[PDB]
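A.B. asks: This is run00.txt (compact mmCIF, C-alpha atoms and all ligand atoms).
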# COMPACT_ATOMS: atom_id res chain seq x y z
CA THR Q 700 142.73 111.82 122.18
CA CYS Q 701 141.39 108.58 120.72
CA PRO Q 702 139.01 106.64 123.09
CA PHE Q 703 139.66 102.98 124.03
CA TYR Q 704 136.63 101.51 122.22
CA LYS Q 705 138.16 102.71 118.84
CA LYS Q 706 141.38 100.83 119.34
CA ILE Q 707 141.99 97.18 118.40
CA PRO Q 708 144.35 95.57 121.05
CA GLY Q 709 147.37 93.70 119.75
CA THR Q 710 147.42 95.57 116.50
CA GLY Q 711 148.41 98.85 115.00
CA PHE Q 712 144.74 99.43 114.04
CA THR Q 713 142.01 101.97 114.80
CA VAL Q 714 138.34 102.01 113.67
CA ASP Q 715 136.48 105.22 112.76
CA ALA Q 716 139.19 107.38 114.44
CA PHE Q 717 140.03 110.30 112.05
CA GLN Q 718 139.26 113.32 114.36
CA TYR Q 719 142.05 112.82 116.92
CA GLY Q 720 145.09 113.81 114.80
CA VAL Q 721 147.91 111.28 114.38
CA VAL Q 722 147.06 108.40 116.75
CA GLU Q 723 150.19 107.03 118.49
CA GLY Q 724 151.07 103.61 117.16
CA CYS Q 725 148.41 103.49 114.40
CA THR Q 726 149.75 101.91 111.19
CA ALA Q 727 146.32 101.49 109.47
CA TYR Q 728 143.04 103.41 109.93
CA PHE Q 729 139.83 101.46 109.11
CA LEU Q 730 136.65 103.27 108.07
CA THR Q 731 133.38 101.25 108.44
CA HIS Q 732 131.10 103.56 106.40
CA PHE Q 733 130.73 107.03 104.93
CA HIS Q 734 128.67 108.80 107.67
CA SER Q 735 130.07 112.11 109.05
CA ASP Q 736 130.30 111.13 112.76
CA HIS Q 737 132.59 108.26 111.57
CA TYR Q 738 134.67 109.92 108.84
CA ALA Q 739 135.06 113.22 110.88
CA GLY Q 740 138.59 114.44 110.21
CA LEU Q 741 139.38 112.98 106.74
CA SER Q 742 140.37 115.33 103.76
CA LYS Q 743 142.81 115.54 100.74
CA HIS Q 744 145.63 116.21 103.24
CA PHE Q 745 145.35 112.79 105.00
CA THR Q 746 148.57 110.76 104.41
CA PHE Q 747 148.05 107.39 106.23
CA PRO Q 748 146.65 104.11 104.77
CA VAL Q 749 142.79 103.98 105.00
CA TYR Q 750 141.18 100.51 104.69
CA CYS Q 751 137.51 100.25 103.61
CA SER Q 752 135.02 98.91 101.13
CA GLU Q 753 135.09 99.78 97.35
CA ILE Q 754 132.01 101.97 97.70
CA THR Q 755 133.45 103.88 100.75
CA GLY Q 756 136.70 104.36 98.80
CA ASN Q 757 134.73 105.84 95.78
CA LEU Q 758 133.20 108.35 98.16
CA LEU Q 759 136.57 109.22 99.88
CA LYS Q 760 138.16 109.94 96.43
CA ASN Q 761 135.24 111.91 94.85
CA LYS Q 762 133.58 113.67 97.77
CA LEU Q 763 136.41 114.23 100.31
CA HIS Q 764 139.32 114.24 97.67
CA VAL Q 765 141.45 111.82 99.54
CA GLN Q 766 144.36 110.87 97.31
CA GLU Q 767 144.18 107.55 95.60
CA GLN Q 768 147.58 106.34 96.87
CA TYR Q 769 146.19 106.26 100.48
CA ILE Q 770 142.88 104.43 99.69
CA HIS Q 771 142.95 100.62 100.19
CA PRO Q 772 139.62 99.07 99.13
CA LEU Q 773 139.02 95.40 100.13
CA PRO Q 774 136.53 92.96 98.62
CA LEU Q 775 133.84 91.56 100.94
CA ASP Q 776 133.66 88.00 102.25
CA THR Q 777 137.41 87.47 101.49
CA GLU Q 778 140.34 86.74 103.86
CA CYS Q 779 142.90 89.55 103.44
CA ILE Q 780 146.29 90.20 105.20
CA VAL Q 781 146.82 93.78 106.37
CA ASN Q 782 150.17 94.65 108.06
CA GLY Q 783 150.56 91.06 109.06
CA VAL Q 784 147.04 90.42 110.42
CA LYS Q 785 144.13 88.47 108.78
CA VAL Q 786 140.91 90.52 108.38
CA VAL Q 787 137.53 90.01 106.69
CA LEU Q 788 134.94 92.71 105.75
CA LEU Q 789 131.28 91.70 105.95
CA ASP Q 790 128.12 93.50 104.76
CA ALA Q 791 126.68 95.51 107.78
CA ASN Q 792 123.09 95.93 106.30
CA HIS Q 793 123.42 99.72 107.06
CA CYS Q 794 123.98 102.25 104.24
CA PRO Q 795 125.74 101.53 100.90
CA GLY Q 796 129.34 100.47 101.43
CA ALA Q 797 128.93 99.87 105.19
CA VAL Q 798 130.94 96.93 106.69
CA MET Q 799 131.59 94.97 109.83
CA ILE Q 800 135.29 93.98 110.36
CA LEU Q 801 136.52 90.54 111.69
CA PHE Q 802 140.12 90.70 113.05
CA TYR Q 803 142.15 87.46 113.67
CA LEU Q 804 144.76 88.58 116.24
CA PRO Q 805 148.22 87.08 116.29
CA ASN Q 806 147.62 85.68 119.83
CA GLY Q 807 144.47 83.65 118.72
CA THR Q 808 141.77 86.13 119.88
CA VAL Q 809 139.00 86.85 117.27
CA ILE Q 810 137.33 90.36 117.44
CA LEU Q 811 134.16 91.48 115.50
CA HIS Q 812 133.57 95.27 115.12
CA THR Q 813 130.03 95.78 113.82
CA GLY Q 814 130.47 99.46 112.77
CA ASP Q 815 126.85 100.67 112.42
CA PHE Q 816 124.56 97.71 111.50
CA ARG Q 817 121.04 96.36 111.24
CA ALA Q 818 121.24 92.81 112.48
CA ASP Q 819 119.68 90.15 110.35
CA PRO Q 820 119.28 86.29 110.50
CA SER Q 821 121.16 86.15 107.16
CA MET Q 822 124.36 87.10 109.12
CA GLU Q 823 124.13 83.71 110.94
CA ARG Q 824 125.23 82.21 107.53
CA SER Q 825 128.12 84.45 106.64
CA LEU Q 826 131.81 83.62 107.46
CA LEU Q 827 130.74 84.29 111.12
CA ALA Q 828 129.34 80.75 111.32
CA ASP Q 829 132.82 79.12 111.11
CA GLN Q 830 134.50 80.31 114.36
CA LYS Q 831 134.27 81.65 117.81
CA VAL Q 832 134.36 85.42 118.62
CA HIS Q 833 135.96 86.53 121.87
CA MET Q 834 135.23 90.29 121.77
CA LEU Q 835 132.25 92.19 120.09
CA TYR Q 836 132.42 95.98 119.52
CA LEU Q 837 128.64 96.52 119.18
CA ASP Q 838 126.36 99.22 117.62
CA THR Q 839 124.08 99.74 120.58
CA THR Q 840 122.02 102.67 119.10
CA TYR Q 841 118.63 101.12 120.02
CA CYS Q 842 119.62 98.85 122.92
CA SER Q 843 116.35 99.12 124.98
CA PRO Q 844 113.05 97.25 124.53
CA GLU Q 845 110.99 100.38 123.83
CA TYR Q 846 112.73 100.58 120.48
CA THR Q 847 110.48 98.77 118.08
CA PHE Q 848 109.88 99.49 114.38
CA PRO Q 849 108.66 97.47 111.32
CA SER Q 850 110.72 95.67 108.67
CA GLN Q 851 112.16 97.83 105.84
CA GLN Q 852 109.91 95.83 103.40
CA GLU Q 853 106.66 96.86 105.33
CA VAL Q 854 107.76 100.52 105.39
CA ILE Q 855 108.48 100.50 101.62
CA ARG Q 856 105.11 98.83 100.96
CA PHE Q 857 103.40 101.70 102.88
CA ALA Q 858 105.34 104.36 100.99
CA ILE Q 859 104.73 102.94 97.46
CA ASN Q 860 100.96 102.38 98.09
CA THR Q 861 100.59 105.90 99.61
CA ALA Q 862 102.41 107.69 96.77
CA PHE Q 863 100.69 105.65 93.97
CA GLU Q 864 97.20 106.33 95.45
CA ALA Q 865 97.79 110.06 95.80
CA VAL Q 866 99.24 110.70 92.33
CA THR Q 867 96.57 108.52 90.64
CA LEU Q 868 93.87 110.58 92.41
CA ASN Q 869 95.74 113.79 91.37
CA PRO Q 870 98.20 113.63 88.46
CA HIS Q 871 99.22 117.14 89.34
CA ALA Q 872 100.68 116.14 92.79
CA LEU Q 873 104.49 116.26 93.30
CA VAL Q 874 106.26 113.82 95.63
CA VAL Q 875 109.20 115.11 97.69
CA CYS Q 876 111.58 112.90 99.83
CA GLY Q 877 114.09 114.23 102.43
CA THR Q 878 117.78 113.21 102.69
CA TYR Q 879 120.94 114.37 104.64
CA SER Q 880 123.42 111.51 104.22
CA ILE Q 881 123.77 108.32 102.21
CA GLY Q 882 121.50 105.47 103.22
CA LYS Q 883 117.70 104.90 102.81
CA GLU Q 884 117.90 105.20 98.96
CA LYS Q 885 115.16 102.46 98.63
CA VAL Q 886 112.53 105.01 99.84
CA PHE Q 887 112.86 107.42 96.90
CA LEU Q 888 113.87 104.67 94.36
CA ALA Q 889 110.81 102.51 95.06
CA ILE Q 890 108.37 105.52 94.94
CA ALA Q 891 109.86 106.74 91.58
CA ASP Q 892 109.69 103.18 90.16
CA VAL Q 893 105.92 102.82 90.91
CA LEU Q 894 105.26 106.28 89.37
CA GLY Q 895 107.28 105.75 86.14
CA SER Q 896 109.57 108.60 86.91
CA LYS Q 897 113.28 109.32 87.47
CA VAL Q 898 114.28 110.89 90.77
CA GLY Q 899 115.30 114.55 90.45
CA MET Q 900 118.00 116.06 92.69
CA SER Q 901 120.87 118.58 93.00
CA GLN Q 902 124.19 118.09 91.31
CA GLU Q 903 125.92 117.44 94.70
CA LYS Q 904 123.48 114.62 95.60
CA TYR Q 905 123.62 113.11 92.03
CA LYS Q 906 127.42 112.95 92.40
CA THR Q 907 127.17 111.06 95.71
CA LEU Q 908 124.70 108.54 94.26
CA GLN Q 909 127.01 107.93 91.28
CA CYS Q 910 129.68 106.56 93.75
CA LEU Q 911 127.38 103.77 95.12
CA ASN Q 912 127.58 100.96 92.52
CA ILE Q 913 123.76 100.70 92.31
CA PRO Q 914 122.68 98.62 89.20
CA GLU Q 915 121.19 100.58 86.31
CA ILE Q 916 121.44 103.91 88.28
CA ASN Q 917 121.66 105.99 85.09
CA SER Q 918 118.09 104.76 84.38
CA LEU Q 919 116.78 105.87 87.82
CA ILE Q 920 118.11 109.38 88.73
CA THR Q 921 118.62 112.79 87.07
CA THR Q 922 119.64 116.44 87.64
CA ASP Q 923 116.76 117.66 85.39
CA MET Q 924 114.14 118.56 88.00
CA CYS Q 925 111.66 119.65 85.26
CA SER Q 926 111.39 116.14 83.86
CA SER Q 927 110.86 114.34 87.23
CA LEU Q 928 107.78 113.99 89.54
CA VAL Q 929 109.77 112.73 92.52
CA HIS Q 930 112.20 115.34 93.90
CA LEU Q 931 114.86 114.97 96.61
CA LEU Q 932 115.56 117.85 98.98
CA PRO Q 933 117.71 118.33 102.09
CA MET Q 934 115.94 117.00 105.22
CA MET Q 935 115.91 120.53 106.70
CA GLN Q 936 113.62 121.75 103.92
CA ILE Q 937 110.94 119.05 104.74
CA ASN Q 938 108.48 121.40 106.57
CA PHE Q 939 105.46 123.50 105.44
CA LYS Q 940 107.59 126.68 104.77
CA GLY Q 941 110.30 124.88 102.81
CA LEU Q 942 107.85 122.88 100.73
CA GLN Q 943 105.73 125.99 99.93
CA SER Q 944 108.88 127.66 98.69
CA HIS Q 945 109.84 124.66 96.59
CA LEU Q 946 106.34 124.49 94.96
CA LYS Q 947 106.80 128.15 93.81
CA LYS Q 948 109.87 127.07 91.79
CA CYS Q 949 108.03 124.42 89.73
CA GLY Q 950 106.41 126.77 87.16
CA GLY Q 951 102.71 125.89 87.91
CA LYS Q 952 103.20 122.23 87.02
CA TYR Q 953 101.89 121.11 90.42
CA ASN Q 954 99.07 122.01 92.81
CA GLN Q 955 99.79 119.59 95.72
CA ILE Q 956 102.88 118.12 97.56
CA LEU Q 957 103.05 114.74 99.26
CA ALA Q 958 106.42 114.58 101.25
CA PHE Q 959 108.27 111.81 103.17
CA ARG Q 960 110.74 112.20 106.12
CA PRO Q 961 112.43 108.91 106.75
CA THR Q 962 113.40 109.14 110.39
CA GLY Q 963 114.82 106.54 112.74
CA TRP Q 964 112.60 105.58 115.66
CA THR Q 965 110.20 108.22 117.02
CA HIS Q 966 107.91 107.75 120.16
CA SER Q 967 104.79 107.54 117.90
CA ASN Q 968 106.24 103.92 117.34
CA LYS Q 969 105.19 103.12 120.95
CA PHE Q 970 101.47 103.50 119.95
CA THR Q 971 100.85 103.45 116.17
CA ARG Q 972 101.14 100.55 113.64
CA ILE Q 973 102.71 101.35 110.23
CA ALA Q 974 99.28 100.65 108.67
CA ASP Q 975 97.64 103.39 110.79
CA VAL Q 976 100.24 106.17 110.11
CA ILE Q 977 98.79 109.53 109.12
CA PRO Q 978 100.40 112.71 107.86
CA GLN Q 979 100.61 116.29 109.10
CA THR Q 980 98.70 118.50 106.66
CA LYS Q 981 98.49 122.27 105.95
CA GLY Q 982 96.45 123.23 102.87
CA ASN Q 983 97.73 121.43 99.74
CA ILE Q 984 100.87 120.00 101.64
CA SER Q 985 101.01 116.61 103.52
CA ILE Q 986 104.16 115.30 105.35
CA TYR Q 987 104.57 111.63 106.39
CA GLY Q 988 107.21 110.57 108.97
CA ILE Q 989 108.09 106.99 108.17
CA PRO Q 990 110.16 104.73 110.58
CA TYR Q 991 112.73 103.41 108.06
CA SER Q 992 115.66 102.19 110.20
CA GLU Q 993 119.23 101.24 109.17
CA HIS Q 994 120.03 100.18 112.80
CA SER Q 995 119.04 97.01 114.68
CA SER Q 996 115.82 97.02 116.69
CA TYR Q 997 116.24 95.77 120.29
CA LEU Q 998 114.88 92.31 119.33
CA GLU Q 999 117.13 92.00 116.19
CA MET Q 1000 120.18 93.01 118.31
CA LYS Q 1001 119.36 90.55 121.07
CA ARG Q 1002 118.87 87.69 118.57
CA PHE Q 1003 122.29 88.32 116.92
CA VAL Q 1004 124.19 88.51 120.18
CA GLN Q 1005 122.46 85.38 121.67
CA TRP Q 1006 123.45 83.53 118.45
CA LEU Q 1007 127.07 84.80 118.38
CA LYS Q 1008 127.75 84.18 122.15
CA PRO Q 1009 130.67 86.62 122.57
CA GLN Q 1010 132.83 86.39 125.68
CA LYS Q 1011 132.90 90.16 126.10
CA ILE Q 1012 130.80 93.09 124.66
CA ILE Q 1013 132.12 96.68 124.18
CA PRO Q 1014 129.35 99.13 123.22
CA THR Q 1015 130.21 101.83 120.65
CA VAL Q 1016 127.00 103.98 120.97
CA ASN Q 1017 125.33 105.63 124.02
CA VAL Q 1018 128.63 105.43 125.98
CA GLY Q 1019 128.65 108.97 127.38
CA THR Q 1020 126.31 108.59 130.41
CA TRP Q 1021 126.43 106.32 133.41
CA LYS Q 1022 122.70 105.60 133.20
CA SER Q 1023 123.09 104.44 129.54
CA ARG Q 1024 126.12 102.28 130.32
CA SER Q 1025 124.37 100.61 133.32
CA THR Q 1026 121.15 99.94 131.26
CA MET Q 1027 123.18 98.29 128.48
CA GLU Q 1028 125.21 96.10 130.88
CA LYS Q 1029 121.98 94.87 132.52
CA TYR Q 1030 120.55 93.73 129.17
CA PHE Q 1031 123.84 92.00 128.21
CA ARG Q 1032 123.68 89.96 131.44
CA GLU Q 1033 120.01 89.10 130.92
CA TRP Q 1034 120.76 87.86 127.42
CA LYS Q 1035 123.67 85.70 128.62
CA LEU Q 1036 121.68 84.13 131.52
CA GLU Q 1037 118.67 83.42 129.34
CA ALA Q 1038 120.77 81.71 126.57
CA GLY Q 1039 123.32 79.99 128.84
CA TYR Q 1040 126.73 81.21 127.53
NI NI Z 1 125.91 105.32 110.37
Represent the supplied structure as structure tokens.
Ligand code: NI

C.D. replies:
Amino acid sequence: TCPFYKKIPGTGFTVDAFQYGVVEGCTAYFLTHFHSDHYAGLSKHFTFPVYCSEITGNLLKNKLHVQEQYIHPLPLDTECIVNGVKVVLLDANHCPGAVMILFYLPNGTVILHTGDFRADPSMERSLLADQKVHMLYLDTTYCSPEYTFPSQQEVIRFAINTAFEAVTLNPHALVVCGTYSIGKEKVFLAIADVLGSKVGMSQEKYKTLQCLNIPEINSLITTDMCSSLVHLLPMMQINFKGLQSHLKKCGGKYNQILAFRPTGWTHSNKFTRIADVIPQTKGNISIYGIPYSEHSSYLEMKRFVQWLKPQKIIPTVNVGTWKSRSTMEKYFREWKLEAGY
């Protein structure tokens, strides 16, 4: 049964609610982004209208085989009427195709559902600037002050400079980057760009990337692993055993691996600056964990909410424990008292 924080009151709508069977009263299912915890339940047998971005709809059609007649892509930053209600999709600064949804209820209430997002000051100048929001359904993934990490630009700087130094010292080094979902494509694209290489990957991952509307993508990626000196592998293979095994398959082209695991936050963030990050090494294999986040830090979250001044907040992440729920509610009240709304 579908939980309350996935239902939009006063409408026939649900958000990210595909794993509950046929939801009573739902006339349109919205999908914020193509991550498995959110799409869980979709397939070629789904027969209700799905509303989403263009990029999410490319992935529904090609990867999950949802039939075309049930996919309703909407342009961003554009007022659209769905089943008698005005909605807007906004860029969520998460993975490719990820949106926030603004719903303009028939009774005058305005609701924002962030989906998964990384809050940014540039959102203070979207169509959000123009009106009041009563209710905020918020991605609270990192809603505690211990969760700090650097900008995406600092992390990419670190990766490019690290990869370029290593391969210029040793032209026989291979670079490997982990992946298990869409998102974080800048990591492997920026490293391949500095090295003058395409990114090599499996046919399944190439297919997924071809759905993302990235400019000039045919120039950047390939299924010919032999021609490439940046390879992508499943995140599970980014360990000394998996990397050893991969190096065996490369026909004596390479005598060293430098590998990257983009993680979210890890507790080494509570001590170590990006500048000071070091790898784990065994023999001719080095593995860097890099804190590339596609979710708000605590400070970015707090800044967005203090700017928006919602009348009510409904968390969508960390809702299963009483300790989590109580922690979150304390920070919401601090933020409101400090800012005065
Ligand atoms: Ni996500």

A.B. asks: Applying 9 Å and all atoms listed in the file, which residues near residue 922 in chain Q remain after dropping the ones on its own chain fewer than 4 positions away? List them as a list in words.

C.D. replies: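 Counting only the stated atoms, we get residues 898, 899, 900, 901, 902 and 905 of chain Q.
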
A.B. asks: Distance table requested - chain Q against ligand NI 1 (chain Z), cut-off 12 Å, all atoms listed in the file: one row per qualifying residue with the closest atom pair and its distance in Å to one decimal, ordered by chain and rising residue number, as JSON lines.

C.D. replies:
{"residue": "Q:715", "atom": "CA", "partner": "Z:NI1", "partner_atom": "NI", "distance": 10.8}
{"residue": "Q:730", "atom": "CA", "partner": "Z:NI1", "partner_atom": "NI", "distance": 11.2}
{"residue": "Q:731", "atom": "CA", "partner": "Z:NI1", "partner_atom": "NI", "distance": 8.7}
{"residue": "Q:732", "atom": "CA", "partner": "Z:NI1", "partner_atom": "NI", "distance": 6.8}
{"residue": "Q:733", "atom": "CA", "partner": "Z:NI1", "partner_atom": "NI", "distance": 7.5}
{"residue": "Q:734", "atom": "CA", "partner": "Z:NI1", "partner_atom": "NI", "distance": 5.2}
{"residue": "Q:735", "atom": "CA", "partner": "Z:NI1", "partner_atom": "NI", "distance": 8.1}
{"residue": "Q:736", "atom": "CA", "partner": "Z:NI1", "partner_atom": "NI", "distance": 7.7}
{"residue": "Q:737", "atom": "CA", "partner": "Z:NI1", "partner_atom": "NI", "distance": 7.4}
{"residue": "Q:738", "atom": "CA", "partner": "Z:NI1", "partner_atom": "NI", "distance": 10.0}
{"residue": "Q:791", "atom": "CA", "partner": "Z:NI1", "partner_atom": "NI", "distance": 10.2}
{"residue": "Q:792", "atom": "CA", "partner": "Z:NI1", "partner_atom": "NI", "distance": 10.6}
{"residue": "Q:793", "atom": "CA", "partner": "Z:NI1", "partner_atom": "NI", "distance": 7.0}
{"residue": "Q:794", "atom": "CA", "partner": "Z:NI1", "partner_atom": "NI", "distance": 7.1}
{"residue": "Q:795", "atom": "CA", "partner": "Z:NI1", "partner_atom": "NI", "distance": 10.2}
{"residue": "Q:796", "atom": "CA", "partner": "Z:NI1", "partner_atom": "NI", "distance": 10.7}
{"residue": "Q:797", "atom": "CA", "partner": "Z:NI1", "partner_atom": "NI", "distance": 8.1}
{"residue": "Q:798", "atom": "CA", "partner": "Z:NI1", "partner_atom": "NI", "distance": 10.5}
{"residue": "Q:799", "atom": "CA", "partner": "Z:NI1", "partner_atom": "NI", "distance": 11.8}
{"residue": "Q:813", "atom": "CA", "partner": "Z:NI1", "partner_atom": "NI", "distance": 10.9}
{"residue": "Q:814", "atom": "CA", "partner": "Z:NI1", "partner_atom": "NI", "distance": 7.8}
{"residue": "Q:815", "atom": "CA", "partner": "Z:NI1", "partner_atom": "NI", "distance": 5.2}
{"residue": "Q:816", "atom": "CA", "partner": "Z:NI1", "partner_atom": "NI", "distance": 7.8}
{"residue": "Q:817", "atom": "CA", "partner": "Z:NI1", "partner_atom": "NI", "distance": 10.2}
{"residue": "Q:838", "atom": "CA", "partner": "Z:NI1", "partner_atom": "NI", "distance": 9.5}
{"residue": "Q:839", "atom": "CA", "partner": "Z:NI1", "partner_atom": "NI", "distance": 11.8}
{"residue": "Q:840", "atom": "CA", "partner": "Z:NI1", "partner_atom": "NI", "distance": 9.9}
{"residue": "Q:879", "atom": "CA", "partner": "Z:NI1", "partner_atom": "NI", "distance": 11.8}
{"residue": "Q:880", "atom": "CA", "partner": "Z:NI1", "partner_atom": "NI", "distance": 9.1}
{"residue": "Q:881", "atom": "CA", "partner": "Z:NI1", "partner_atom": "NI", "distance": 9.0}
{"residue": "Q:882", "atom": "CA", "partner": "Z:NI1", "partner_atom": "NI", "distance": 8.4}
{"residue": "Q:883", "atom": "CA", "partner": "Z:NI1", "partner_atom": "NI", "distance": 11.2}
{"residue": "Q:963", "atom": "CA", "partner": "Z:NI1", "partner_atom": "NI", "distance": 11.4}
{"residue": "Q:992", "atom": "CA", "partner": "Z:NI1", "partner_atom": "NI", "distance": 10.7}
{"residue": "Q:993", "atom": "CA", "partner": "Z:NI1", "partner_atom": "NI", "distance": 7.9}
{"residue": "Q:994", "atom": "CA", "partner": "Z:NI1", "partner_atom": "NI", "distance": 8.2}
{"residue": "Q:995", "atom": "CA", "partner": "Z:NI1", "partner_atom": "NI", "distance": 11.6}
{"residue": "Q:1015", "atom": "CA", "partner": "Z:NI1", "partner_atom": "NI", "distance": 11.7}
{"residue": "Q:1016", "atom": "CA", "partner": "Z:NI1", "partner_atom": "NI", "distance": 10.7}

A.B. asks: Figure out the distance between CA of residue 835 in chain Q and CA of residue 1012 in chain Q, please, to one decimal in Å.

C.D. replies: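 Pair CA of residue 1012 in chain Q / CA of residue 835 in chain Q returns 4.9 Å.
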
A.B. asks: Go through Q:754, Q:910, Q:826, Q:800 and flag the residue nearest residue 776 in chain Q, using only C-alpha atoms for the distances.

C.D. replies: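 Closest to residue 776 in chain Q, using only C-alpha atoms: Q:826.
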
A.B. asks: Please indicate the distance in Å from CA of residue 924 in chain Q to CA of residue 976 in chain Q, rounded to one decimal place.

C.D. replies: 28.9 Å

A.B. asks: Determine the nearest neighbour of residue 703 in chain Q from the options Q:1018, Q:1000, Q:1036, Q:773, counting only C-alpha atoms.

C.D. replies: Q:1018

A.B. asks: With distances taken over all atoms listed in the file, which of Q:750, Q:997, Q:848, Q:729 is nearest to residue 818 in chain Q?

C.D. replies: Q:997

A.B. asks: As an exercise, work out the distance from CA of residue 805 in chain Q to CA of residue 704 in chain Q in Å and give it to one decimal place.

C.D. replies: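 CA of residue 805 in chain Q sits 19.4 Å away from CA of residue 704 in chain Q.
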
A.B. asks: With all atoms listed in the file as the basis for distance, which of Q:723, Q:782, Q:865, Q:806 is at the shortest distance from residue 748 in chain Q?

C.D. replies: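 Under the stated criterion, the closest residue is Q:782.
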
A.B. asks: Taking into account all atoms listed in the file, which residue in the set Q:942, Q:987, Q:845, Q:917 is nearest to residue 960 in chain Q?

C.D. replies: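 For residue 960 in chain Q, the nearest of the candidates is Q:987.
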